[PDB]
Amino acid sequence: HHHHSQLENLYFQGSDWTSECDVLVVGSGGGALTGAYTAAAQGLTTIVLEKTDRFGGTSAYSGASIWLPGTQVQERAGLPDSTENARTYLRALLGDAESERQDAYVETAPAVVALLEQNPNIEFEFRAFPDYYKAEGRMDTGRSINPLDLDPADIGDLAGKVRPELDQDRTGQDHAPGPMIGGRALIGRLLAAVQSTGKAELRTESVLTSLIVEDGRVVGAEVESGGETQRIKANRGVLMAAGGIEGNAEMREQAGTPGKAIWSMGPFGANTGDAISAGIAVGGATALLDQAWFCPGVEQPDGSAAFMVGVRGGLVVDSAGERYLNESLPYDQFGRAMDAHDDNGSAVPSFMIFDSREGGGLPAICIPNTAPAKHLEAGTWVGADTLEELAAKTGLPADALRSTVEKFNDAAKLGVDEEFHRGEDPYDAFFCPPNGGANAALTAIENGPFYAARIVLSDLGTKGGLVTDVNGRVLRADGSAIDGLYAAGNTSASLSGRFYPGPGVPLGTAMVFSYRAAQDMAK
């Protein structure tokens, strides 16, 4: 499947429009469905194309934490925060680079939240999760909001169409027993809201392949559904919110993107840069293709990874058996530090070192969560009764590994880490239950057996793609808009550059620029 552009005139020699809509949405992530809702709610006929047999993509896997600050939702919680406070935080991290999109992000958040909560299927609440950088306007508790838990019965036939959590989806399973939470709830509610409008068609196994141009304007796109090709006309526009290049090893190697397709937490085979490709084919510029939403990943027997988040013990060594980062860093800064320290394989993989404090468990949240016994049969993890035997089994220098652990244990006994300042930040302390020691993030590694887990450079999607303006319009290298073409989420180059400012920025940006694209199409 290549994403070459089809000219209207050339197609007129043979075929014709299968269907017509005002707004064609490609993808069914948080952005896609927010854009679809915005379009359909104000009377525009809308078609949503999902490539796979399940709506939601990585947005479904998410915890549905959303960085939409200064809204009616944080007002109800009485949060000491504002549009201007969130605007300062972004300015302090990102600078003047993309300041117009920074302004539009923070200024439009309130309207996106107000439009969505109006729908009986949608309600959010503030949930504490710290912002990720020391800077003016940081919220030590967070300012991010989450959809309310959703009883799958309230949405009928849509619950079985929603992609399940990673602990189910990569083991051939559907939703696990309780309610829909995190991204399952975000996608269930957005699907039900889009459907409530009576102006939207929701399609599974409908793949975008090529955009249709007349006289340089996008007028529609051919979508493959069940062996047959269809030609869908879009009177107002095509919103492309179909994710990034995360699943395409060839586009990543070409762009110089660190990590690997097989380490991405995107749904296997889903996000293969189809929409970025179709956008370049009609003259769209690209930026930041070497950038991803990075995270450490626990290497799996099958060669894939698990998102390692909320670290609360252990330490991490490079291939010399030495600490080189604060292991408690927010996952994107952790991942960037693995890549920066990588000297042809000294940091990728890294080795997470831990003891039996958690009964053999690795001291973090791993998504998905493979059983220790499985990692040990497979050799992704190794165990031993001594650090000397552990260094032997991993090929780590034994004397260095022993010094590293003895020095980390002295730091745990003292309650400060001289070397990397672990535990001296509200993000670091957030995940840690009280221990009987001075710093909750620093626990002496001394209760046998001892484990070494392989850590790789995973991602939560790439963040490079098509250049967009404040209204989600796709731009050519010259700054001019391609008429009828919008992109959002990881189809579009993030305003965040080399930064992951706080929880919910991927979904928050996606939802705001999808809303703004719909509004621009309404005219």
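Residues carry their position along the shown sequence, with the first being 1.
In this entry, the higher average B-factor at the C-alpha atoms falls on 391 to 399, of the pair 293 to 301 and 391 to 399. Taking the mean C-alpha B-factor of each stretch as recorded, 149 to 157 and 433 to 441 are not equal, and the higher mean is that of 433 to 441. When the C-alpha B-factors of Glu165, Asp131, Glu424, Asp274 are read from the PDB record, the largest value belongs to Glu424. Looking only at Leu329, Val213, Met240, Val73, the residue with the top Cα B factor in the deposited structure is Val213. Ranked within its chain, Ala510 lands in the middle third, by CA B factor from the PDB record. The PDB entry assigns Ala92 a C-alpha temperature factor belonging to the middle third of its chain's modelled residues.
Looking at the C-alpha B-factors along this chain, the one for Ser65 belongs to the middle third.
In this PDB entry, the Cα temperature factor of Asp459 sits in the bottom third of its chain's modelled residues, the lowest group. The PDB entry assigns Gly178 a C-alpha temperature factor belonging to the middle third of its chain's modelled residues.
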